[PDB]
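This report concerns only the one structure given below.
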Amino acid sequence: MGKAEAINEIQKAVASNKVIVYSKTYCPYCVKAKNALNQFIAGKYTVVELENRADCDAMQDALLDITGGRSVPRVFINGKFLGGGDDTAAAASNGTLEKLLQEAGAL
Ligand code: NA
Ligand code: NA
């Protein structure tokens with residue numbers, strides 16, 4: 001369960017879920033992203049919490065390789081990285097989160 005495996009896992013999950021958030025339970029920016037998504041699709045999307053993953057470091061290293069940054073949250077829609085918590089809240093506020101969810105078939 002090293003970094004190469006984590007990259008594999010994340011890429012497969014991102015390609016196979018309309019909306020997926022990599023998160024940790026104690027994380028106010030993760031909550032900002034979740035609350036933004038919950039304005040449109042509460043209860044319908046995947047969250048992967050990382051704080052009790054034995055391979056949490058490899059998973060966050062994999063997120064860096066895939067998205068450019070290591071921090072949670074890391075939000076993906078329709079297989080494409082959206083951003084973190086501020087990004088997801090901004091997209092909720094400006095009308096684009098709804099449109100991206102529609103285009104993904106999640107809404
Ligand atoms: Na969904
Ligand atoms: Na966990």
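The way I read the labels, and the way they are meant: chains A, B, ... in the order of the structure tokens, residue 1 as the first residue of every chain, and ligand 1 as the first ligand shown, with later ones counted on from there.
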
Name the residues in contact with segment 38-46 of chain A at a cut-off of 7 Å, using only C-alpha atoms, excluding same-chain residues fewer than 3 positions from it; report them as an MDAnalysis selection string.
-> chainID A and resid 19:21 34:35 98

What's the 9 Å shell around residue 77 of chain A, counting only C-alpha atoms, without same-chain residues fewer than 4 positions away, as a tab-separated table (two decimals) with N, CA and C atoms, in the first residue's frame?
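Written out: part.tsv:
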chain	number	residue	atom	x	y	z
A	14	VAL	N	-11.57	8.16	-8.86
A	14	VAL	CA	-11.97	9.40	-9.51
A	14	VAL	C	-12.66	9.12	-10.85
A	17	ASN	N	-16.47	7.53	-10.03
A	17	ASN	CA	-17.44	8.23	-9.18
A	17	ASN	C	-17.74	9.56	-9.81
A	18	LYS	N	-19.02	9.92	-9.88
A	18	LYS	CA	-19.32	11.25	-10.43
A	18	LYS	C	-18.74	12.36	-9.57
A	19	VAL	N	-18.77	12.21	-8.26
A	19	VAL	CA	-18.26	13.22	-7.33
A	19	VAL	C	-17.55	12.47	-6.21
A	20	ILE	N	-16.30	12.83	-5.93
A	20	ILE	CA	-15.58	12.17	-4.84
A	20	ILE	C	-14.71	13.24	-4.16
A	21	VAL	N	-14.65	13.19	-2.84
A	21	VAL	CA	-13.90	14.14	-2.03
A	21	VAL	C	-12.95	13.32	-1.17
A	81	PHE	N	-10.26	17.11	-11.48
A	81	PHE	CA	-10.04	17.80	-10.23
A	81	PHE	C	-10.66	19.21	-10.26
A	82	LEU	N	-11.47	19.52	-9.25
A	82	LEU	CA	-12.06	20.85	-9.11
A	82	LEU	C	-11.19	21.78	-8.27
A	100	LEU	N	-21.52	22.12	-13.11
A	100	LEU	CA	-20.60	20.99	-13.24
A	100	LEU	C	-21.27	19.71	-12.80
A	101	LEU	N	-22.11	19.79	-11.75
A	101	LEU	CA	-22.81	18.59	-11.27
A	101	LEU	C	-23.81	18.12	-12.30
A	104	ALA	N	-21.94	16.37	-15.05
A	104	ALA	CA	-21.49	15.05	-14.57
A	104	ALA	C	-22.61	14.03	-14.47
A	106	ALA	N	-24.75	14.05	-12.01
A	106	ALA	CA	-24.95	13.92	-10.59
A	106	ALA	C	-26.17	14.71	-10.12

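Going from atom CA of residue 95 of chain A to atom CA of residue 36 of chain A covers 11.3 Å.
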
Just the residues within 8 Å of residue 72 of chain A, please, counting only C-alpha atoms, with nothing from its chain fewer than 6 positions along; format it as number ranges by chain.
-> A: 22-24, 27, 29-30, 60, 84

Write the selection just made, keeping C-alpha atoms, as a PDB file, in the first residue's frame?
ATOM      1  CA  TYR A  22     -10.680  13.091  -0.299  1.00  0.00           C
ATOM      2  CA  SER A  23     -11.002  14.420   3.232  1.00  0.00           C
ATOM      3  CA  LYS A  24     -10.163  14.087   6.898  1.00  0.00           C
ATOM      4  CA  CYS A  27     -10.780  19.631   8.803  1.00  0.00           C
ATOM      5  CA  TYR A  29     -11.861  23.204   4.794  1.00  0.00           C
ATOM      6  CA  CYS A  30     -13.204  19.673   4.187  1.00  0.00           C
ATOM      7  CA  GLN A  60      -1.683  12.502   0.252  1.00  0.00           C
ATOM      8  CA  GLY A  84     -10.098  22.400  -2.417  1.00  0.00           C
TER       9      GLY A  84
END

Which one is closest to ligand 1: A:64, A:91, A:59, A:47? Count only C-alpha atoms and all ligand atoms.
->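 Among A:64, A:91, A:59, A:47, it is A:47 that comes nearest to ligand 1.
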
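In this structure, atom CA of residue 49 of chain A sits 6.3 Å away from atom CA of residue 25 of chain A.
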
Could the residues that lie within 6 Å of ligand 2, counting only C-alpha atoms and all ligand atoms, be listed as a list in words?
->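 So the residues close to ligand 2 are residues 49, 50, 51, 52 and 53 of chain A.
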
Secondary structure check, helix (DSSP H, G or I) residues of segment 11-50 of chain A, as a list in words |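 Taking segment 11-50 of chain A and keeping helix (DSSP H, G or I) gives residues 11, 12, 13, 14, 15, 16, 28, 29, 30, 31, 32, 33, 34, 35, 36, 37, 38, 39, 40 and 41 of chain A.
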
Give the answer as one residue: which of A:4, A:37, A:31, A:56 has the shortest atom-to-atom distance to residue 70 of chain A, using only C-alpha atoms?
-> A:56

Residue among A:94, A:68, A:61, A:16 lying closest to ligand 1, counting only C-alpha atoms and all ligand atoms =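 Closest candidate: A:16.
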
Distance in Å - atom CA of residue 67 of chain A versus atom CA of residue 79 of chain A = 11.7 Å

From A:63, A:69, A:88, A:76, residue lying nearest ligand 1 [only C-alpha atoms and all ligand atoms] = A:76

Nearest candidate to residue 85 of chain A (options A:97, A:33, A:105, A:28; using only C-alpha atoms) |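 When distances to residue 85 of chain A are compared using only C-alpha atoms, the smallest one comes from A:33.
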
Would you mind writing down, as a PyMOL selection string, each residue of chain A that DSSP on the backbone assigns to strand (DSSP E)?
-> chain A and resi 19-23+46-49+74-77+80-83

Which residue out of A:15, A:107, A:62, A:89 has the minimum interatomic distance to residue 2 of chain A when only C-alpha atoms are used?
->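 With only C-alpha atoms as the atom set, the closest residue is A:62.
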